[PDB]
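So this block is coords.cif, mmCIF, N, CA and C atoms:
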data_protein
loop_
_atom_site.label_atom_id
_atom_site.label_comp_id
_atom_site.auth_asym_id
_atom_site.auth_seq_id
_atom_site.Cartn_x
_atom_site.Cartn_y
_atom_site.Cartn_z
N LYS A 438 -14.22 -16.38 49.44
CA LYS A 438 -15.21 -16.68 50.47
C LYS A 438 -16.03 -15.44 50.75
N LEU A 439 -17.35 -15.59 50.73
CA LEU A 439 -18.28 -14.49 50.97
C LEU A 439 -18.89 -14.64 52.35
N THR A 440 -18.74 -13.61 53.18
CA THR A 440 -19.27 -13.63 54.53
C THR A 440 -20.77 -13.40 54.53
N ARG A 441 -21.45 -14.05 55.48
CA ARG A 441 -22.90 -13.91 55.66
C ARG A 441 -23.66 -14.30 54.40
N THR A 442 -23.22 -15.38 53.75
CA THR A 442 -23.85 -15.89 52.54
C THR A 442 -24.11 -17.38 52.70
N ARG A 443 -24.89 -17.93 51.77
CA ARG A 443 -25.24 -19.34 51.78
C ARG A 443 -24.27 -20.20 50.98
N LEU A 444 -23.26 -19.59 50.36
CA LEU A 444 -22.28 -20.32 49.57
C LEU A 444 -20.89 -19.77 49.86
N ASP A 445 -19.93 -20.67 50.04
CA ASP A 445 -18.54 -20.32 50.29
C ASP A 445 -17.66 -20.98 49.24
N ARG A 446 -16.35 -20.73 49.34
CA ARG A 446 -15.36 -21.29 48.41
C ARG A 446 -15.69 -20.92 46.97
N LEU A 447 -16.11 -19.67 46.76
CA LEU A 447 -16.45 -19.19 45.43
C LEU A 447 -15.21 -19.13 44.55
N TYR A 448 -15.41 -19.37 43.26
CA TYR A 448 -14.34 -19.36 42.27
C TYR A 448 -14.52 -18.18 41.33
N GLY A 449 -13.41 -17.53 41.00
CA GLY A 449 -13.42 -16.41 40.08
C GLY A 449 -13.54 -15.07 40.77
N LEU A 450 -13.04 -14.04 40.09
CA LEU A 450 -13.06 -12.70 40.65
C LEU A 450 -14.50 -12.21 40.82
N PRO A 451 -14.80 -11.53 41.91
CA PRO A 451 -16.13 -10.92 42.06
C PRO A 451 -16.28 -9.69 41.18
N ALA A 452 -17.53 -9.35 40.91
CA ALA A 452 -17.84 -8.18 40.10
C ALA A 452 -17.87 -6.89 40.91
N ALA A 453 -17.67 -6.96 42.23
CA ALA A 453 -17.72 -5.77 43.06
C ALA A 453 -16.38 -5.04 43.07
N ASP A 454 -15.31 -5.72 43.47
CA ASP A 454 -13.98 -5.13 43.60
C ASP A 454 -12.98 -5.99 42.85
N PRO A 455 -12.95 -5.88 41.51
CA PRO A 455 -12.01 -6.70 40.73
C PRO A 455 -10.57 -6.21 40.75
N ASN A 456 -10.31 -5.00 41.25
CA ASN A 456 -8.96 -4.45 41.25
C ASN A 456 -8.23 -4.75 42.56
N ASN A 457 -8.78 -4.28 43.68
CA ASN A 457 -8.20 -4.49 45.01
C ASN A 457 -6.77 -3.93 45.09
N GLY A 458 -6.65 -2.63 44.84
CA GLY A 458 -5.39 -1.94 45.01
C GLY A 458 -4.52 -1.81 43.77
N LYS A 459 -5.03 -2.14 42.59
CA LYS A 459 -4.27 -2.05 41.36
C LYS A 459 -5.08 -1.32 40.30
N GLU A 460 -4.40 -0.47 39.52
CA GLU A 460 -5.05 0.30 38.46
C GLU A 460 -4.85 -0.35 37.10
N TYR A 461 -3.60 -0.57 36.69
CA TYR A 461 -3.27 -1.20 35.42
C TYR A 461 -2.55 -2.51 35.69
N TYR A 462 -3.00 -3.58 35.04
CA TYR A 462 -2.30 -4.86 35.07
C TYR A 462 -1.37 -4.91 33.85
N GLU A 463 -0.19 -4.33 34.02
CA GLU A 463 0.76 -4.23 32.92
C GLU A 463 1.21 -5.61 32.47
N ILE A 464 1.15 -5.84 31.16
CA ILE A 464 1.52 -7.11 30.55
C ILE A 464 2.46 -6.79 29.39
N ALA A 465 3.74 -7.12 29.56
CA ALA A 465 4.74 -6.88 28.52
C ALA A 465 5.04 -8.17 27.77
N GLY A 466 5.09 -8.07 26.44
CA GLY A 466 5.37 -9.22 25.61
C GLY A 466 5.67 -8.82 24.18
N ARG A 467 5.98 -9.83 23.37
CA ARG A 467 6.30 -9.66 21.96
C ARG A 467 5.13 -10.15 21.12
N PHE A 468 4.76 -9.37 20.10
CA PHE A 468 3.65 -9.70 19.22
C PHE A 468 4.16 -9.82 17.79
N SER A 469 3.70 -10.86 17.09
CA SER A 469 3.98 -11.05 15.67
C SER A 469 2.67 -10.92 14.91
N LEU A 470 2.65 -10.04 13.91
CA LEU A 470 1.43 -9.71 13.17
C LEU A 470 1.69 -9.92 11.68
N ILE A 471 1.38 -11.12 11.19
CA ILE A 471 1.49 -11.44 9.77
C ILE A 471 0.13 -11.19 9.14
N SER A 472 -0.01 -10.07 8.44
CA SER A 472 -1.30 -9.60 7.96
C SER A 472 -1.29 -9.44 6.45
N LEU A 473 -2.49 -9.34 5.89
CA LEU A 473 -2.68 -9.05 4.47
C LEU A 473 -2.91 -7.55 4.34
N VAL A 474 -1.81 -6.80 4.26
CA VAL A 474 -1.85 -5.34 4.20
C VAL A 474 -2.24 -4.90 2.80
N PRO A 475 -3.20 -3.98 2.65
CA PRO A 475 -3.51 -3.48 1.30
C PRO A 475 -2.47 -2.48 0.83
N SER A 476 -1.58 -2.95 -0.04
CA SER A 476 -0.54 -2.13 -0.65
C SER A 476 0.07 -2.91 -1.80
N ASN A 477 0.08 -2.33 -3.00
CA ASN A 477 0.49 -3.08 -4.17
C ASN A 477 1.98 -3.39 -4.15
N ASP A 478 2.80 -2.35 -4.23
CA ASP A 478 4.25 -2.48 -4.35
C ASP A 478 4.85 -1.09 -4.40
N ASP A 479 6.17 -1.00 -4.51
CA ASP A 479 6.76 0.25 -5.00
C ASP A 479 6.45 0.48 -6.48
N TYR A 480 5.71 -0.44 -7.10
CA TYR A 480 5.17 -0.27 -8.44
C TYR A 480 3.91 0.59 -8.37
N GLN A 481 3.12 0.58 -9.45
CA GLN A 481 1.90 1.38 -9.56
C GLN A 481 2.23 2.87 -9.40
N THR A 482 3.18 3.31 -10.22
CA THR A 482 3.72 4.66 -10.16
C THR A 482 4.29 4.98 -11.53
N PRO A 483 4.19 6.22 -11.99
CA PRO A 483 4.84 6.59 -13.26
C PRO A 483 6.32 6.25 -13.22
N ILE A 484 6.82 5.68 -14.32
CA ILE A 484 8.21 5.25 -14.37
C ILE A 484 9.15 6.46 -14.28
N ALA A 485 8.75 7.58 -14.87
CA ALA A 485 9.53 8.81 -14.79
C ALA A 485 9.04 9.67 -13.62
N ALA B 2 18.55 24.08 -63.33
CA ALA B 2 17.34 23.76 -62.60
C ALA B 2 17.61 22.71 -61.53
N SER B 3 18.90 22.41 -61.32
CA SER B 3 19.29 21.47 -60.28
C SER B 3 19.13 22.03 -58.88
N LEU B 4 18.86 23.33 -58.75
CA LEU B 4 18.82 23.96 -57.43
C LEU B 4 17.70 23.43 -56.56
N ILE B 5 16.67 22.81 -57.14
CA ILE B 5 15.55 22.32 -56.34
C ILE B 5 16.02 21.24 -55.38
N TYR B 6 16.74 20.23 -55.89
CA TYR B 6 17.20 19.15 -55.04
C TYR B 6 18.21 19.65 -54.01
N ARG B 7 19.13 20.53 -54.44
CA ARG B 7 20.15 21.01 -53.52
C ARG B 7 19.54 21.83 -52.39
N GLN B 8 18.55 22.68 -52.71
CA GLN B 8 17.90 23.45 -51.66
C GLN B 8 17.02 22.57 -50.78
N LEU B 9 16.41 21.52 -51.35
CA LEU B 9 15.67 20.58 -50.52
C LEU B 9 16.58 19.88 -49.53
N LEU B 10 17.78 19.50 -49.97
CA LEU B 10 18.70 18.81 -49.07
C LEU B 10 19.30 19.77 -48.05
N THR B 11 19.60 21.00 -48.47
CA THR B 11 20.29 21.94 -47.59
C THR B 11 19.36 22.52 -46.53
N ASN B 12 18.31 23.22 -46.96
CA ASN B 12 17.41 23.86 -46.01
C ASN B 12 16.34 22.88 -45.54
N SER B 13 16.77 21.75 -44.97
CA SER B 13 15.85 20.73 -44.48
C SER B 13 16.02 20.46 -42.99
N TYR B 14 16.56 21.41 -42.24
CA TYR B 14 16.68 21.25 -40.80
C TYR B 14 15.53 21.90 -40.05
N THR B 15 14.99 23.01 -40.57
CA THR B 15 13.88 23.68 -39.91
C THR B 15 12.66 22.79 -39.78
N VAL B 16 12.55 21.75 -40.60
CA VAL B 16 11.43 20.82 -40.49
C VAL B 16 11.40 20.15 -39.13
N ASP B 17 12.54 20.10 -38.43
CA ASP B 17 12.56 19.60 -37.06
C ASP B 17 11.57 20.36 -36.20
N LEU B 18 11.53 21.69 -36.35
CA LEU B 18 10.58 22.50 -35.60
C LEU B 18 9.15 22.05 -35.85
N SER B 19 8.85 21.59 -37.06
CA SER B 19 7.51 21.10 -37.37
C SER B 19 7.08 20.01 -36.39
N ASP B 20 8.02 19.14 -36.01
CA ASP B 20 7.72 18.12 -35.01
C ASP B 20 7.14 18.76 -33.76
N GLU B 21 7.82 19.77 -33.23
CA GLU B 21 7.31 20.48 -32.06
C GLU B 21 5.91 21.02 -32.32
N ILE B 22 5.66 21.54 -33.52
CA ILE B 22 4.35 22.08 -33.84
C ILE B 22 3.29 21.00 -33.70
N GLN B 23 3.60 19.78 -34.13
CA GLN B 23 2.68 18.68 -33.93
C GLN B 23 2.72 18.16 -32.49
N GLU B 24 3.86 18.29 -31.82
CA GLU B 24 3.97 17.80 -30.45
C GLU B 24 3.30 18.74 -29.46
N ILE B 25 3.38 20.05 -29.69
CA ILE B 25 2.76 21.01 -28.78
C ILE B 25 1.25 20.85 -28.78
N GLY B 26 0.65 20.78 -29.97
CA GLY B 26 -0.80 20.69 -30.06
C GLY B 26 -1.36 19.38 -29.54
N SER B 27 -0.67 18.28 -29.82
CA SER B 27 -1.19 16.96 -29.47
C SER B 27 -1.16 16.75 -27.96
N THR B 28 -1.90 15.73 -27.52
CA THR B 28 -1.97 15.35 -26.11
C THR B 28 -1.27 14.01 -25.92
N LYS B 29 -0.29 13.98 -25.02
CA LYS B 29 0.49 12.79 -24.75
C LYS B 29 -0.25 11.90 -23.75
N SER B 30 0.40 10.81 -23.33
CA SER B 30 -0.21 9.90 -22.36
C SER B 30 0.89 9.05 -21.74
N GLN B 31 0.96 9.04 -20.41
CA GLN B 31 1.90 8.21 -19.68
C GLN B 31 1.12 7.23 -18.82
N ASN B 32 1.72 6.07 -18.57
CA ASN B 32 1.09 5.02 -17.79
C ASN B 32 2.05 4.50 -16.73
N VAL B 33 1.48 4.10 -15.59
CA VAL B 33 2.29 3.51 -14.54
C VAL B 33 2.72 2.10 -14.95
N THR B 34 3.80 1.63 -14.33
CA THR B 34 4.31 0.30 -14.62
C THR B 34 3.40 -0.77 -14.03
N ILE B 35 3.17 -1.82 -14.81
CA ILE B 35 2.37 -2.96 -14.37
C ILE B 35 3.29 -3.94 -13.65
N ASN B 36 2.79 -4.55 -12.59
CA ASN B 36 3.58 -5.52 -11.85
C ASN B 36 3.77 -6.76 -12.71
N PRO B 37 4.99 -7.13 -13.08
CA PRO B 37 5.18 -8.26 -14.00
C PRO B 37 5.33 -9.60 -13.29
N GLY B 38 5.52 -10.66 -14.07
CA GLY B 38 5.82 -11.96 -13.53
C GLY B 38 4.62 -12.65 -12.92
N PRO B 39 4.80 -13.89 -12.49
CA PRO B 39 3.71 -14.61 -11.83
C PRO B 39 3.44 -14.05 -10.44
N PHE B 40 2.30 -14.45 -9.89
CA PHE B 40 1.85 -13.99 -8.58
C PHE B 40 1.86 -15.15 -7.59
N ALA B 41 2.26 -14.85 -6.36
CA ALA B 41 2.24 -15.85 -5.30
C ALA B 41 0.80 -16.27 -5.00
N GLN B 42 0.63 -17.57 -4.75
CA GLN B 42 -0.68 -18.16 -4.49
C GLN B 42 -0.86 -18.27 -2.98
N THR B 43 -1.91 -17.65 -2.46
CA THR B 43 -2.18 -17.63 -1.03
C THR B 43 -3.68 -17.60 -0.80
N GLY B 44 -4.20 -18.64 -0.17
CA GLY B 44 -5.61 -18.75 0.14
C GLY B 44 -5.92 -18.32 1.56
N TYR B 45 -7.03 -18.84 2.09
CA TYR B 45 -7.46 -18.54 3.44
C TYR B 45 -6.76 -19.49 4.42
N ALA B 46 -7.22 -19.50 5.66
CA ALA B 46 -6.83 -20.46 6.67
C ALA B 46 -7.87 -21.57 6.78
N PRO B 47 -7.49 -22.76 7.25
CA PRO B 47 -8.47 -23.84 7.37
C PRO B 47 -9.62 -23.45 8.29
N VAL B 48 -10.83 -23.82 7.89
CA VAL B 48 -12.04 -23.36 8.54
C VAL B 48 -12.71 -24.51 9.28
N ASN B 49 -13.47 -24.16 10.31
CA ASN B 49 -14.19 -25.12 11.14
C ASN B 49 -15.68 -24.85 11.05
#
Just dump the structure as structure tokens.
Amino acid sequence: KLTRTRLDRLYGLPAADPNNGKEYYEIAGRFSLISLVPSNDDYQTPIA
Amino acid sequence: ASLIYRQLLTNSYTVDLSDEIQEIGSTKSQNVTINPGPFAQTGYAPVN
């Protein structure tokens, strides 16, 4: 709700004070990364 | 006159050194191992 305005019941965070007493919004979780890594093998090496 | 064959058979070890004489001068070549066998088939992801 914005005081002294023509619209109330606003939705979504304002662009003025998006933090309001917090610096980092810590988010802990598990990530799985199945990627196409560029690497041939333990091959591509002199045999000796 | 049989000494020719006997001396050819007897004093025929130093010829081993001749190999080195050809091996020292020549240039060798080594190669890395090639990945053998079939390759796994993997395309893209379905597209929109």
Pull out every residue that the PyMOL selection byres ((chain B) within 5 of (chain A)) matches in the shown coordinates and put them as a compact mmCIF listing (two decimals) with N, CA and C atoms, keeping the file's coordinate frame.
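Generated output (result-v9.txt):
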# COMPACT_ATOMS: atom_id res chain seq x y z
N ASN B 32 1.72 6.07 -18.57
CA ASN B 32 1.09 5.02 -17.79
C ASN B 32 2.05 4.50 -16.73
N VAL B 33 1.48 4.10 -15.59
CA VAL B 33 2.29 3.51 -14.54
C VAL B 33 2.72 2.10 -14.95
N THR B 34 3.80 1.63 -14.33
CA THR B 34 4.31 0.30 -14.62
C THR B 34 3.40 -0.77 -14.03
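The coordinates place atom CA of residue 23 of chain B at 21.3 Å from atom C of residue 11 of chain B.
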Among the residues of segment 15-49 of chain B, find those DSSP assigns to alpha helix (DSSP H) from the backbone and print them as a VMD selection string. chain B and resid 16 to 26
What separates atom CA of residue 450 of chain A and atom CA of residue 466 of chain A is a distance of 24.0 Å
Please, what distance in Å, to one decimal, runs between atom C of residue 47 of chain B and atom C of residue 472 of chain A?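 So the two atoms, atom C of residue 47 of chain B and atom C of residue 472 of chain A, lie 16.4 Å apart.
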Just need the box for segment 449-461 of chain A, edges along x, y and z, holding every atom the file lists for it with 8 Å tacked onto each side, so centre and edge lengths in Å to one decimal, as AutoDock Vina command-line options.
--center_x -10.2 --center_y -8.6 --center_z 40.3 --size_x 31.3 --size_y 33.8 --size_z 25.7
Complete the atom set of segment 13-25 of chain B to N, CA, C and O atoms and return it as a PDB file, keeping the file's coordinate frame.
ATOM      1  N   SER B  13      16.770  21.750 -44.970  1.00  0.00           N
ATOM      2  CA  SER B  13      15.850  20.730 -44.480  1.00  0.00           C
ATOM      3  C   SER B  13      16.020  20.460 -42.990  1.00  0.00           C
ATOM      4  O   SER B  13      15.658  19.376 -42.516  1.00  0.00           O
ATOM      5  N   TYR B  14      16.560  21.410 -42.240  1.00  0.00           N
ATOM      6  CA  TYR B  14      16.680  21.250 -40.800  1.00  0.00           C
ATOM      7  C   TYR B  14      15.530  21.900 -40.050  1.00  0.00           C
ATOM      8  O   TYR B  14      15.112  21.378 -39.006  1.00  0.00           O
ATOM      9  N   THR B  15      14.990  23.010 -40.570  1.00  0.00           N
ATOM     10  CA  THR B  15      13.880  23.680 -39.910  1.00  0.00           C
ATOM     11  C   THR B  15      12.660  22.790 -39.780  1.00  0.00           C
ATOM     12  O   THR B  15      11.804  23.049 -38.916  1.00  0.00           O
ATOM     13  N   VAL B  16      12.550  21.750 -40.600  1.00  0.00           N
ATOM     14  CA  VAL B  16      11.430  20.820 -40.490  1.00  0.00           C
ATOM     15  C   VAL B  16      11.400  20.150 -39.130  1.00  0.00           C
ATOM     16  O   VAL B  16      10.344  19.680 -38.695  1.00  0.00           O
ATOM     17  N   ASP B  17      12.540  20.100 -38.430  1.00  0.00           N
ATOM     18  CA  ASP B  17      12.560  19.600 -37.060  1.00  0.00           C
ATOM     19  C   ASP B  17      11.570  20.360 -36.200  1.00  0.00           C
ATOM     20  O   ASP B  17      10.823  19.766 -35.408  1.00  0.00           O
ATOM     21  N   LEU B  18      11.530  21.690 -36.350  1.00  0.00           N
ATOM     22  CA  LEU B  18      10.580  22.500 -35.600  1.00  0.00           C
ATOM     23  C   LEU B  18       9.150  22.050 -35.850  1.00  0.00           C
ATOM     24  O   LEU B  18       8.314  22.105 -34.932  1.00  0.00           O
ATOM     25  N   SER B  19       8.850  21.590 -37.060  1.00  0.00           N
ATOM     26  CA  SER B  19       7.510  21.100 -37.370  1.00  0.00           C
ATOM     27  C   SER B  19       7.080  20.010 -36.390  1.00  0.00           C
ATOM     28  O   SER B  19       5.916  19.961 -35.981  1.00  0.00           O
ATOM     29  N   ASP B  20       8.020  19.140 -36.010  1.00  0.00           N
ATOM     30  CA  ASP B  20       7.720  18.120 -35.010  1.00  0.00           C
ATOM     31  C   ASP B  20       7.140  18.760 -33.760  1.00  0.00           C
ATOM     32  O   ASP B  20       6.056  18.370 -33.291  1.00  0.00           O
ATOM     33  N   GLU B  21       7.820  19.770 -33.230  1.00  0.00           N
ATOM     34  CA  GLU B  21       7.310  20.480 -32.060  1.00  0.00           C
ATOM     35  C   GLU B  21       5.910  21.020 -32.320  1.00  0.00           C
ATOM     36  O   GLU B  21       5.033  20.934 -31.445  1.00  0.00           O
ATOM     37  N   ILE B  22       5.660  21.540 -33.520  1.00  0.00           N
ATOM     38  CA  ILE B  22       4.350  22.080 -33.840  1.00  0.00           C
ATOM     39  C   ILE B  22       3.290  21.000 -33.700  1.00  0.00           C
ATOM     40  O   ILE B  22       2.181  21.252 -33.205  1.00  0.00           O
ATOM     41  N   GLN B  23       3.600  19.780 -34.130  1.00  0.00           N
ATOM     42  CA  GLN B  23       2.680  18.680 -33.930  1.00  0.00           C
ATOM     43  C   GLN B  23       2.720  18.160 -32.490  1.00  0.00           C
ATOM     44  O   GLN B  23       1.710  17.655 -31.992  1.00  0.00           O
ATOM     45  N   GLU B  24       3.860  18.290 -31.820  1.00  0.00           N
ATOM     46  CA  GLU B  24       3.970  17.800 -30.450  1.00  0.00           C
ATOM     47  C   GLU B  24       3.300  18.740 -29.460  1.00  0.00           C
ATOM     48  O   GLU B  24       2.724  18.278 -28.469  1.00  0.00           O
ATOM     49  N   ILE B  25       3.380  20.050 -29.690  1.00  0.00           N
ATOM     50  CA  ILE B  25       2.760  21.010 -28.780  1.00  0.00           C
ATOM     51  C   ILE B  25       1.250  20.850 -28.780  1.00  0.00           C
ATOM     52  O   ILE B  25       0.606  20.791 -27.724  1.00  0.00           O
TER      53      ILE B  25
END
